[PDB]
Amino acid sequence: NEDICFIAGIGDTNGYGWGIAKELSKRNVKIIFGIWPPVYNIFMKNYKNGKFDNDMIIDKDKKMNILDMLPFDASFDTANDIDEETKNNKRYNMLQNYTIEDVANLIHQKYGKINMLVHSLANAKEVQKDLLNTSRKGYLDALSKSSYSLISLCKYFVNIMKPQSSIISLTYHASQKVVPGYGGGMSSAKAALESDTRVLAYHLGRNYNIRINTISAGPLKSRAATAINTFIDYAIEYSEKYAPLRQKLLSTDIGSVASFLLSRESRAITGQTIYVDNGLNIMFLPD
C-alpha cells in the first residue's frame, strides 16, 4: 500500500534485477528501473515492441507494474562529475539527469518518497585478466562502479526514503574464497561491498533506522557473467552437481529472498550477507 522500489542496474530480463522485480510485483510493489544510458534506448525499444511482454506476466491475471524507467549511471555522483568525453558522447548527449543525485531528485519530484532500494550492478573493465595482471586503472574502475556506487546511492537516497526503509545489494562468494576466473578486481570489489554493508548498517541503522543487507547469489548465466571467462558455464555445472540441493537456481529464487529482506518481516536483520546458492557455499570437498 504505497511501496516503491528503485532497482539500479537492469539491462535485460535475464538478470537478478528482473527476478527481483518479478517477485516484488507479487507483493504489489511499484517498480522503478535504473538503466545504464549506453543501453537505455535499446531497452526502451524492446519494451515498446513488446519483446518483454511474456517476461512481465505474473501469477494469474497480474502483470508487472513498472512505474517508470530512467537512464542511470552509477559512476557519476552529481552533474559536476560529468566530464566532456561523456557530455559529448552520442549515447549520453540525448539524455539528461542520469547522475545518482539527479535521479533521486527526479524520483522524489515525480513519485515522492520511496522505501525500497536495490543495488544490482557490477562492472569491471579488466574482468578477463587475473588479479595479478589487473592494472591500477582497471582495479579502481571496478571498485568505483561496483562498490563505491553503493555508498553514493545511500548518501543521496536516504533523503527521499521513509524511516524503516530497506536496502539490499548482490554479492558473490569469490570475495571470501578463491575463484580462479573471477578477475579484474571484481573479487576485491565484492569484498569491499560486503564489508561496507556492515559499516553502512551501523550508520544507517543508528541515524535513520534503515536496514541494509547483501545477497550472496549463486551462478546465473546472464549479461555480465557471460563476459566472465565461459566462466559462468563451469560455475553452473559445478553448482548443479555438488550443491546440497540439486535444483536449478532461478532469478526468482533470489527475488523472493530479496522481497523478504525488503519487507518489514526482516525488521531485525541488518548488515548481513545472506547466501542464496542452494547451499553450495558450505561444501569443502566435492563427493
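Note that residue numbering begins at 1 and tracks the sequence as displayed.
In this entry, residue 229 and residue 230 are separated by 10 or more residues of the deposited sequence that lack coordinates. Here 53-61 and 244-252 are compared by their mean Cα B-factor, and 53-61 comes out higher. When the C-alpha B-factors of 70-78 and 196-204 are averaged, 70-78 comes out higher. Take 96, 213, 120, 149 and read off each C-alpha B-factor from the entry; 96 has the highest.
Looking only at 89, 209, 135, 171, the residue with the top Cα B factor in the deposited structure is 89. In the PDB entry, a CA B factor belonging to the middle third of its chain's modelled residues is recorded for residue 184. Remark: residue 269 belongs to the lowest third of its chain, ranked by C-alpha B-factor as recorded. When the modelled residues of the chain are ordered by C-alpha B-factor, residue 257 sits in the lowest third. When the CA B factors of the chain's modelled residues are split into thirds, the value for residue 13 lands in the highest one.
Residue 115: CA B factor lies in the middle third for its chain, per the PDB record.
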